[PDB]
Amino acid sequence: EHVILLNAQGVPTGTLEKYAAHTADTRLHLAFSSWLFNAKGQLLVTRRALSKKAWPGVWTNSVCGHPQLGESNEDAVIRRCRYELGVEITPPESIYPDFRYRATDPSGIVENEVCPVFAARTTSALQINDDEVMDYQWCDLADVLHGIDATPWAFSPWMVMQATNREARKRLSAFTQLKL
């Protein structure tokens, strides 16, 4: 795998192997983030595997990843949902297109990303990939937002930032509707 490198104005300049790209010195690159809801409208929260290079063992939103060369961001969402979670989804909706952030993890690994955010519904059962996700929960969005307000340090920082954006949060709410 690789990442797509971006310059200061967020324009692509090339690619780098994925492991080598995440270090204490991470250059800006492209990513995506997605929030998944089941038919009942519950949000899927996940726990990153202990083997993940960045934020291992941390609770976070449904799925995070890196678009590969030739791939649309929405196609990367679909792929990682299948790879990490075994799960089929509805077409991802853009919910926070201009999200961008930089953060250092507990052992000093940096993430530095232009990271558009999406939401979607699951249309199949989960098949969790233990190489990527060690735990998960279906819950009510409102409860997650209250937890995020009370103890933000217990979640990944990108989860918290995305959840605290007003318009993003409105879309998450929309997805809490029960659907048949």
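Each form is matched to the other, and the largest set of C-alpha atoms that superpose within 1.5 Å is called the rigid core. Heads up: residue numbers just count along the shown sequence, starting at 1.
The rigid core fit leaves 167-175 as the farther-lying stretch in 4 other deposited structures of this protein, judged by Cα positions and set against 152-160 and 167-175. Set 154-162 against 11-19 and average the Cα temperature factors; 11-19 ends up higher. Looking at mean Cα B-factors across 22-30 and 58-66, the upper value is held by 22-30.
When the CA B factors of the chain's modelled residues are split into thirds, the value for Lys40 lands in the highest one. When all modelled residues of the chain are sorted by CA temperature factor, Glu132 is found within the lowest third. Ranked by Cα temperature factor within the chain, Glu71 sits in the middle third according to the deposited record. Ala142: CA B factor lies in the highest third for its chain, per the PDB record.
When the CA B factors of the chain's modelled residues are split into thirds, the value for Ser94 lands in the middle one.
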